[PDB]
């Protein structure tokens, strides 16, 4: 009865990074700025279907380090992921779409981003809904000396969100959505 829908990406924009001003420089790793957090209410759209859902994020970029950080948008440990731009990494946080759900640091091979209880209780799902969404947070990290100037950051897939459900027919679809870092130009100066 219910229509399937192509899962929709959730994306965050490099263009929102402030100008990176390297002050007096040699501390590595360090966060050099946060992107403006984004959200997508309708990553997965179940149509007329009403079911208990949860989302599991798996990062797909190479891990190159770890850093402790407290996003402005207690601290957590974050895995640093390789952007393909030398000297530059990123750290990732994700949360449920609605407020009152916590920012989940990406520091494991996979993690449930909503409900976070599913990480310790395999039977935990959200209340029945017709859709599943999320919030996305990213910060840029200097892993070493940075290229100065107007540096092109490529669009990168950060990972996938897998939709799971207590209902077998929905769980077995293994619906997945890409989590994207939209590329752009950053400005780096001393």
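Positions refer to the first chain, counted from 1.
(request) Note how many residues of the deposited chain are left out of the model between residue 24 and residue 25; the options are none, 1 to 3, 4 to 9, and 10 or more. (result) 1 to 3 residues are missing.
(request) Scan the PDB entry between residue 73 and residue 74 and report the missing deposited residues as one of none, 1 to 3, 4 to 9, 10 or more. (result) Gap between residue 73 and residue 74: 4 to 9 residues without coordinates.
(request) Output the stretch having the higher mean C-alpha B factor in the entry; the candidates are 121-129 and 28-36. (result) Per the deposited B-factors, the answer is 121-129.
(request) Between 76-84 and 104-112, name whichever shows the higher mean Cα B factor according to the PDB entry. (result) Of 104-112 and 76-84, the stretch with the higher C-alpha B-factor average is 76-84.
(request) Specify which of 11, 176, 172, 16 carries the largest Cα B factor in the deposited PDB entry. (result) Of the options given, 172 has the highest CA B-factor in the PDB entry.
(message) Just the C-alpha B-factor column, please: which of 157, 41, 48, 148 has the biggest number?
(response) If I rank 157, 41, 48, 148 by C-alpha B-factor, first place goes to 48.
(request) Divide the modelled residues of the chain into thirds by Cα B-factor and specify which third, lowest, middle or highest, holds residue 59. (result) Answer is middle: the recorded C-alpha B-factor places it there.
(request) Compare the C-alpha B factor of residue 184 with those of the other modelled residues in its chain, then answer lowest, middle or highest third. (result) For residue 184, whose C-alpha B-factor we compare with every modelled residue in the chain, the answer is the middle third.
(message) Which third, lowest, middle or highest, does the C-alpha temperature factor of residue 138 belong to within its own chain?
(response) Ranked within chain, residue 138 CA B lands in the lowest tercile.
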